[PDB]
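Data first, discussion second: the structure below is written as C-alpha cells.
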Amino acid sequence: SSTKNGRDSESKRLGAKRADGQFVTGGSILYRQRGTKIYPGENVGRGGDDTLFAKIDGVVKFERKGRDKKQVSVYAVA
Amino acid sequence: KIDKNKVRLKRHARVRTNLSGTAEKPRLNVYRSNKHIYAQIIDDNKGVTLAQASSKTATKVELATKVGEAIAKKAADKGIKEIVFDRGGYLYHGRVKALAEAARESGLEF
Amino acid sequence: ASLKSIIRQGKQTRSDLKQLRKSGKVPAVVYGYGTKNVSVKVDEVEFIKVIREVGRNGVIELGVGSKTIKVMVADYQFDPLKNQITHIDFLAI
Amino acid sequence: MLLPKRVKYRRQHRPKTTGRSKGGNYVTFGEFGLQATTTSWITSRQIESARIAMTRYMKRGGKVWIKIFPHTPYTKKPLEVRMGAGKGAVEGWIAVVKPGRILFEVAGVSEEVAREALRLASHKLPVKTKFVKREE
Amino acid sequence: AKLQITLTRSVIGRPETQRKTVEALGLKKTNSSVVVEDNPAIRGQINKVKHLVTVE
RNA sequence: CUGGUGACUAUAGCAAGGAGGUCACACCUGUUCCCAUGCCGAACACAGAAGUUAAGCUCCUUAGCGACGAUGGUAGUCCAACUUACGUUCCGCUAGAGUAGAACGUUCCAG
RNA sequence: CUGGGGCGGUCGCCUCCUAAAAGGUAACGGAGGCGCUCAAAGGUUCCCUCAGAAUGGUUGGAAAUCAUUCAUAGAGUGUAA
RNA sequence: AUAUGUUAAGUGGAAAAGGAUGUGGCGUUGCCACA
RNA sequence: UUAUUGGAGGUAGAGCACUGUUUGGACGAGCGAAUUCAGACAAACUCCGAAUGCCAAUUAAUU
C-alpha cells in the first residue's frame with residue numbers, strides 16, 4: 001500500500017525586491033522571474049537569468065508597455 | 001499583390017530598437033523610393049528634426065551621392081561630430097550605400 | 001394603475017434596502033433621455049397589477065419628479081426562492 | 001448510470017458544499033420544474049432511481065430533462081485500514097446541488113399530472129423540493 | 001483640545017494589531033482619558049478601536 | 001489637405017458603398033552593369049519608353065463584427081454583536097444594460 | 001523515518017498543485033522528470049513566417065509532395081512541467 | 001417592575017425524512033352559497 | 001499605529017474567449033462534443049477580478 005508521490009523541489013524566492021518610488025544603487029536587483037513578466041525599461045538591464053537589475057542610481061518606477069504588458073524604469077534624482 | 005512599402009516599415013522596427021538613442025545620437029534616417037531618395041537628421045528623446053536635404057541623373061545614384069555632401073554640410077553648420085546610421089529597412093548596398101560614403105568623407109565620422 | 005413613485009436622497013445603507021424590501025416597496029432607476037439616472041421607489045403590489053393590463057412590452061405613465069414620463073421596463077432582477085422581484089430598470093422613450 | 005467517459009484526474013478535492021447556486025435557477029427547456037431548498041450531494045444512482053419513477057407515471061406523455069450531471073468523483077478507502085498510506089479509490093460520481101437549482105424538468109403533460117410525477121421523484125432524492133413553473 | 005477619549009473595555013483577548021492602536025493614543029490603564037485635537041489621522045485611529053473606546 | 005519621422009489601453013482595428021491622379025508615393029518596360037534565387041530579374045537591385053488610377057495608398061459615408069463603458073441593484077468581504085447562520089457597518093466584482101466610438105497628434109519638407 | 005513494532009515503501013536534485021492574489025509554509029497528500037546531450041544544437045551580421053480547414057492535380061479524403069484562400073499562434077522551441 | 005402580542009406542550013429544560021381541520025399575522029381569488 | 005499617494009501579486013466571486021467535461025435543438029461537414037442556436041462543471045481551466053494583507057514615501061498627526 002505504498003505511494004509514488006511525496007517529492008518536491010526547493011522554493012526559489014522570486015518576485016519584486018524593491019518597491020515603487022524607492023531609491024536604489026547602481027547594481028541592485030529589481031525582479032527575479034522565469035521568462036519576461038516585466039520588460040527592462042530605460043536605465044535597467046537584463047541578466048542571463050532574466051533578472052532585472054539597475055545600472056544607475058535613482059528612483060524606480062513601474063510603467064506599462066502597450067497593452068497587457070509592463071516595464072520598469074530608473075530615473076536619476078532631481 | 002505584395003506591397004513593398006508596408007513590408008518595409010515592419011523591418012524598420014526591428015532595427016529601430018538597437019540604435020535609436022541607445023547606441024548613439026543624432027540619428028540619420030534614409031527614405032528611399034523609385035523616383036527620389038530623401039534624408040533627415042532626427043533627435044530621439046526630444047523628438048525634433050535638425051536638418052533636412054534630399055534629391056528632390058542615372059536613376060538617382062549620383063543624386064543619392066549628392067545628398068551625402070549636402071547633408072554633411074548641413075551637419076557641419078550647426079555642428080555635430082558623432083553620428084549613428086539608420087539603414088531604414090533597406091539593404092546597405094547601391095543607392096543608400098553611396099549616400100553614406102559621401103557623408104563619411106566630408107568630415108562626418110560614423 | 002399609474003406608478004405613483006417617490007424619491008430617495010443620499011446613499012441608502014444596506015439595512016434600509018432590506019427594510020425597503022420588507023415594507024412592500026421596490027427600488028428602481030430611470031436612465032432615459034435627460035432623466036440623469038434618477039433613483040426612484042415604487043410599490044410592489046401595484047407593479048404586478050399594471051403590467052398585467054398593458055403587457056411586458058408596453059409603455060408606463062410613471063410619475064417621477066412630480067411629472068409624467070412615458071417609460072418601459074427594460075430588465076429586472078428576480079429572486080426565485082421567494083417568488084418576488086428586487087429591482088426594476090426604466091428606459092424612458 | 002451517468003458518469004463521464006474520461007477525466008483528467010481521478011482523485012480530486014471535495015467541493016465546497018457551502019453557499020448558493022451559480023446558475024440553473026430558472027426553467028428554460030420544459031414548463032414545470034423542480035427546485036431545491038437544501039444543499040446535499042446527488043449520487044448518479046439516485047438520479048436513475050428518480051428518473052425511472054418519474055417517466056413511468058407518464059407512460060408516453062412528454063419529455064424529461066435532467067439538468068445536473070455527476071462530474072466530481074469521490075473516493076473511499078478499503079475496509080479495516082488505519083489512517084494514511086495514501087489515498088483511497090474511486091467509488092462513485094456526485095454533483096453539488098444548492099438552494100435554487102432546478103433538478104428535473106417536465107413538459108408535454110398537464111398541470112395536475114405534473115405535480116404527481118414530480119412528487120414521486122422528490123421522495124427518491126435527499127433534498128427538499130418545491131414545484132415551480134416558468135416565469136412571466 | 002476638543003476630543004476626549006476614555007477606555008471602557010479591556011485589551012485582554014484582543015488582537016495584537018488593536019493593542020498597538022490603543023498604545024498610540026495614550027491609554028495605558030482602564031478608564032483612562034486623554035485630550036487630543038481632531039484631525040484625519042487621529043479620527044481614523046478611534047475608528048479602528050471604536051468597540052473599545054468611547055468619544056465625547 | 002501632399003509627403004517624411006516619433007510619442008500615445010483598436011474612442012487608432014476589421015468590414016463594406018463612393019471620389020480620386022502621370023509634379024509626389026505606386027502600378028509598369030528591360031538585364032548592359034553593381035548584387036541576387038539550395039530552380040524562377042516573381043521578391044532582393046540596377047536601368048528606365050508609354051500607358052492605368054483596375055489594384056495599394058489617401059479621403060468622405062454607414063454602427064454588420066470587434067474594442068471603450070457609467071448610475072442602480074446583486075455576489076463576495078475587513079471589523080464588530082448574536083452565534084454557526086442570521087443582524088450592523090466599511091469597501092465593492094463579474095455579467096448585463098443606457099451610452100462613447102469610423103482616432104488624437106509634436107517637429108521638420110514640397111504646393 | 002513509520003498513525004505501536006516487523007514486512008512493503010521511501011532517503012539527493014528539478015517543475016506544477018495543495019498554499020488562504022508579496023515571500024515563506026506540513027502529512028506514508030495529488031501528478032511528472034534527472035545522474036545527460038550539442039563542434040554548431042555556441043558567437044556574430046543579414047534575410048524569411050506557422051499548424052490546420054477548403055476548390056481542383058498525376059487522385060492514397062483535394063493534408064505522403066505541388067498551387068490559391070482563410071489563419072494573433074490552435075505549429076515550433078534537443079529532453080518533464 | 002411597566003407597556004404590547006404569541007404559546008398548552010411542562011414546549012422551555014435532547015434528535016431527521018415524512019404525516020396533520022393545532023393555533024396567530026399579512027395576502028390571492030370564484031360562488032355571493034356551502035348546509 | 002493612523003491619514004494621503006504609488007506599485008508589485010490572480011485568492012473569493014464570476015465567466016466559457018483557451019484545455020478538459022456535459023444536456024436538449026437546428027443543419028450534410030461525421031447528423032446536439034470539426035460548424036450553429038440555447039443551458040451547465042472544474043485544486044493542477046481563465047477574456048475578467050475584489051475585500052484584506054505586503055513593500056515603499058523620507059509625505060502629516062499621535063506615541
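In the C-alpha cells, chains take letters A, B, ... by order of appearance, with residues numbered from 1 within each chain and ligands from 1 in the order shown.
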### Task
List every residue of chain A that DSSP, applied to the backbone, labels as strand (DSSP E or B), and write the result as a ChimeraX atom specification.
/A:15-16,23-24,29-32,39-40,44,52-54,58-64,70-75
Written file, previous selection with C-alpha atoms, as a PDB file, in the first residue's frame:
```
ATOM      1  CA  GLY A  15       9.112  38.467  -7.229  1.00  0.00           C
ATOM      2  CA  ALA A  16       9.821  42.115  -6.562  1.00  0.00           C
ATOM      3  CA  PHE A  23      15.988  54.913  -4.068  1.00  0.00           C
ATOM      4  CA  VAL A  24      18.313  52.205  -5.399  1.00  0.00           C
ATOM      5  CA  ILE A  29      18.225  43.643  -8.227  1.00  0.00           C
ATOM      6  CA  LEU A  30      14.681  44.725  -9.071  1.00  0.00           C
ATOM      7  CA  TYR A  31      12.938  41.474 -10.024  1.00  0.00           C
ATOM      8  CA  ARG A  32      13.532  37.728 -10.183  1.00  0.00           C
ATOM      9  CA  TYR A  39      10.399  44.172 -19.571  1.00  0.00           C
ATOM     10  CA  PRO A  40      13.540  46.261 -18.923  1.00  0.00           C
ATOM     11  CA  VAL A  44      17.602  48.959 -16.439  1.00  0.00           C
ATOM     12  CA  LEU A  52      16.217  42.774 -13.774  1.00  0.00           C
ATOM     13  CA  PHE A  53      18.909  44.999 -12.260  1.00  0.00           C
ATOM     14  CA  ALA A  54      19.506  48.754 -12.301  1.00  0.00           C
ATOM     15  CA  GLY A  58      17.686  56.966  -8.636  1.00  0.00           C
ATOM     16  CA  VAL A  59      14.031  56.148  -8.050  1.00  0.00           C
ATOM     17  CA  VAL A  60      12.443  53.026  -9.533  1.00  0.00           C
ATOM     18  CA  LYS A  61       9.039  53.167 -11.234  1.00  0.00           C
ATOM     19  CA  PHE A  62       6.813  50.536 -12.848  1.00  0.00           C
ATOM     20  CA  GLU A  63       5.161  51.551 -16.125  1.00  0.00           C
ATOM     21  CA  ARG A  64       3.025  49.988 -18.870  1.00  0.00           C
ATOM     22  CA  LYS A  70       4.533  46.372 -18.456  1.00  0.00           C
ATOM     23  CA  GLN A  71       8.059  47.613 -17.816  1.00  0.00           C
ATOM     24  CA  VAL A  72      10.185  49.138 -15.056  1.00  0.00           C
ATOM     25  CA  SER A  73      12.465  52.177 -15.278  1.00  0.00           C
ATOM     26  CA  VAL A  74      15.002  54.105 -13.199  1.00  0.00           C
ATOM     27  CA  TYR A  75      15.292  57.906 -13.244  1.00  0.00           C
TER      28      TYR A  75
END
```
Name the residues in contact with residue D:17 at a cut-off of 8 Å, using only C-alpha atoms (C1' of nucleotides), excluding same-chain residues fewer than 5 positions from it; report them as a tab-separated table (two decimals) with C-alpha atoms, in the first residue's frame.
```
chain	number	residue	atom	x	y	z
D	39	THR	CA	-27.83	21.54	-0.06
D	40	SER	CA	-26.58	17.96	-0.47
D	96	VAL	CA	-23.36	19.70	-5.98
D	98	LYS	CA	-27.52	24.28	-3.69
```
### Query
From the list D:14, D:133, D:87, D:6, which residue is nearest residue D:74 when using only C-alpha atoms?
D:14
### Message
Show me, as an MDAnalysis selection string, every residue of chain G with an atom at most 9 Å from chain A, counting only C-alpha atoms (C1' of nucleotides).
### Response
chainID G and resid 8:10 13:15 22:24 28:31
Selection to disk with C-alpha atoms (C1' of nucleotides), as a PDB file, in the first residue's frame:
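Okay, selection.pdb is ready:
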```pdb
ATOM      1  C1'   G G   8       6.272  -3.461   1.879  1.00  0.00           C
ATOM      2  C1'   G G   9       7.762   1.522   0.539  1.00  0.00           C
ATOM      3  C1'   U G  10      10.988   5.744   0.808  1.00  0.00           C
ATOM      4  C1'   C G  13      18.307  17.378  -7.180  1.00  0.00           C
ATOM      5  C1'   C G  14      14.347  19.792 -10.741  1.00  0.00           C
ATOM      6  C1'   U G  15       8.706  21.635 -12.293  1.00  0.00           C
ATOM      7  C1'   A G  22       4.029  39.669  -1.670  1.00  0.00           C
ATOM      8  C1'   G G  23       7.701  35.936   0.169  1.00  0.00           C
ATOM      9  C1'   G G  24       7.693  31.505   3.074  1.00  0.00           C
ATOM     10  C1'   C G  28       3.270   7.150   4.071  1.00  0.00           C
ATOM     11  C1'   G G  29      -1.237  14.390   0.362  1.00  0.00           C
ATOM     12  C1'   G G  30      -2.406  14.548  -5.581  1.00  0.00           C
ATOM     13  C1'   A G  31       0.810  14.324 -10.716  1.00  0.00           C
TER      14        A G  31
END
```
### Query
Which residues, written as a list in words, have at least one atom at most 10 Å from residue F:87, with only C-alpha atoms (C1' of nucleotides) counted and residues fewer than 2 positions away on the same chain left out?
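Non-adjacent residues within range: residues 15 of chain C; 81 and 82 of chain F.
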Could you please take those selected residues and save C-alpha atoms (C1' of nucleotides) as a PDB file, in the first residue's frame?
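That gives us result.pdb:
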```
ATOM      1  CA  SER C  15     -30.017  47.977   6.206  1.00  0.00           C
TER       2      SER C  15
ATOM      3  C1'   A F  81     -22.531  41.560  18.402  1.00  0.00           C
ATOM      4  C1'   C F  82     -25.730  37.066  18.203  1.00  0.00           C
TER       5        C F  82
END
```
### Message
With only C-alpha atoms (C1' of nucleotides) as the counted atoms, please give the residues lying no more than 9 Å from residue C:92, apart from itself and same-chain residues fewer than 2 positions off, as a VMD selection string.
### Response
chain C and resid 30 to 33 35 69 to 73 90
### Query
Rounded to one decimal in Å, what is the spacing between atom CA of residue E:43 and atom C1' of residue I:54?
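Answer for the atom CA of residue E:43 to atom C1' of residue I:54 separation: 24.2 Å.
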Between chain D and chain H, at 10 Å or less, what are the per-residue closest atom pairs and their distances in Å? Count only C-alpha atoms (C1' of nucleotides), order by chain and rising residue number, and return it as a Markdown table.
```
| residue | atom | partner | partner_atom | distance |
| --- | --- | --- | --- | --- |
| D:123 | CA | H:17 | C1' | 8.8 |
| D:126 | CA | H:17 | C1' | 8.1 |
| D:127 | CA | H:17 | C1' | 9.2 |
| D:128 | CA | H:17 | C1' | 9.4 |
```
Hey, list the chain F side of the contact with chain E: 12 Å cut-off, only C-alpha atoms (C1' of nucleotides), answer as a PDB file with N, CA and C atoms (P, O5', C5', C4', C3', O3' and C1' of nucleotides), in the first residue's frame.
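Output file iface.pdb is given in full below:
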```pdb
ATOM      1  P     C F  78     -13.592  38.537   5.945  1.00  0.00           P
ATOM      2  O5'   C F  78     -13.007  39.945   6.404  1.00  0.00           O
ATOM      3  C5'   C F  78     -11.736  40.389   5.956  1.00  0.00           C
ATOM      4  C4'   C F  78     -11.374  41.734   6.541  1.00  0.00           C
ATOM      5  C3'   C F  78     -11.700  41.941   8.009  1.00  0.00           C
ATOM      6  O3'   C F  78     -10.772  41.325   8.882  1.00  0.00           O
ATOM      7  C1'   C F  78     -12.346  43.852   6.778  1.00  0.00           C
ATOM      8  P     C F  79     -11.286  40.612  10.227  1.00  0.00           P
ATOM      9  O5'   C F  79     -11.964  41.788  11.060  1.00  0.00           O
ATOM     10  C5'   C F  79     -11.174  42.802  11.658  1.00  0.00           C
ATOM     11  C4'   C F  79     -12.015  43.920  12.223  1.00  0.00           C
ATOM     12  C3'   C F  79     -12.988  43.558  13.330  1.00  0.00           C
ATOM     13  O3'   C F  79     -12.375  43.373  14.594  1.00  0.00           O
ATOM     14  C1'   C F  79     -14.058  44.978  11.784  1.00  0.00           C
ATOM     15  P     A F  80     -12.987  42.310  15.634  1.00  0.00           P
ATOM     16  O5'   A F  80     -14.443  42.873  15.957  1.00  0.00           O
ATOM     17  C5'   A F  80     -14.608  44.067  16.709  1.00  0.00           C
ATOM     18  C4'   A F  80     -16.042  44.535  16.726  1.00  0.00           C
ATOM     19  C3'   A F  80     -17.047  43.611  17.393  1.00  0.00           C
ATOM     20  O3'   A F  80     -17.041  43.712  18.806  1.00  0.00           O
ATOM     21  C1'   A F  80     -17.913  44.347  15.327  1.00  0.00           C
ATOM     22  P     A F  81     -17.344  42.419  19.710  1.00  0.00           P
ATOM     23  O5'   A F  81     -18.904  42.524  20.018  1.00  0.00           O
ATOM     24  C5'   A F  81     -19.635  41.398  20.483  1.00  0.00           C
ATOM     25  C4'   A F  81     -21.118  41.584  20.276  1.00  0.00           C
ATOM     26  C3'   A F  81     -21.963  40.319  20.321  1.00  0.00           C
ATOM     27  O3'   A F  81     -22.279  39.897  21.636  1.00  0.00           O
ATOM     28  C1'   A F  81     -22.531  41.560  18.402  1.00  0.00           C
ATOM     29  P     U F  89     -26.327  49.401   8.726  1.00  0.00           P
ATOM     30  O5'   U F  89     -24.783  49.761   8.583  1.00  0.00           O
ATOM     31  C5'   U F  89     -24.205  50.805   9.352  1.00  0.00           C
ATOM     32  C4'   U F  89     -22.706  50.664   9.435  1.00  0.00           C
ATOM     33  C3'   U F  89     -21.945  50.766   8.123  1.00  0.00           C
ATOM     34  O3'   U F  89     -21.759  52.096   7.677  1.00  0.00           O
ATOM     35  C1'   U F  89     -21.155  48.909   9.338  1.00  0.00           C
ATOM     36  P     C F  90     -21.606  52.395   6.106  1.00  0.00           P
ATOM     37  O5'   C F  90     -20.128  51.908   5.757  1.00  0.00           O
ATOM     38  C5'   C F  90     -18.998  52.636   6.210  1.00  0.00           C
ATOM     39  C4'   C F  90     -17.701  51.947   5.863  1.00  0.00           C
ATOM     40  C3'   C F  90     -17.416  51.725   4.387  1.00  0.00           C
ATOM     41  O3'   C F  90     -16.966  52.887   3.711  1.00  0.00           O
ATOM     42  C1'   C F  90     -16.917  49.757   5.585  1.00  0.00           C
TER      43        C F  90
END
```
### Task
Can you pull out every residue within 10 Å of residue D:62, counting only C-alpha atoms (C1' of nucleotides), but drop anything in the same chain fewer than 5 positions away, and send it as number ranges by chain?
D: 30, 55, 106-110
Now that the selection is made, can you save its residues with C-alpha atoms as an mmCIF file, in the first residue's frame?
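Once everything was written out, this is again.cif:
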```cif
data_model
loop_
_atom_site.group_PDB
_atom_site.id
_atom_site.type_symbol
_atom_site.label_atom_id
_atom_site.label_comp_id
_atom_site.auth_asym_id
_atom_site.auth_seq_id
_atom_site.Cartn_x
_atom_site.Cartn_y
_atom_site.Cartn_z
ATOM 1 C CA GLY D 30 -39.635 22.443 -20.111
ATOM 2 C CA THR D 55 -41.217 8.738 -16.543
ATOM 3 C CA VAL D 106 -41.039 18.049 -17.364
ATOM 4 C CA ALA D 107 -43.010 19.137 -20.416
ATOM 5 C CA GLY D 108 -45.768 17.729 -22.583
ATOM 6 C CA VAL D 109 -48.231 16.971 -19.772
ATOM 7 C CA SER D 110 -50.949 18.707 -17.786
#
```
### Query
To one decimal place, how far is atom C1' of residue F:93 from atom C1' of residue I:15 in Å?
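If I compute the distance from atom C1' of residue F:93 to atom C1' of residue I:15, I get 12.0 Å.
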#### Entry: Contact set, chain I to chain A: 8 Å, only C-alpha atoms (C1' of nucleotides), as a count of residues only
6
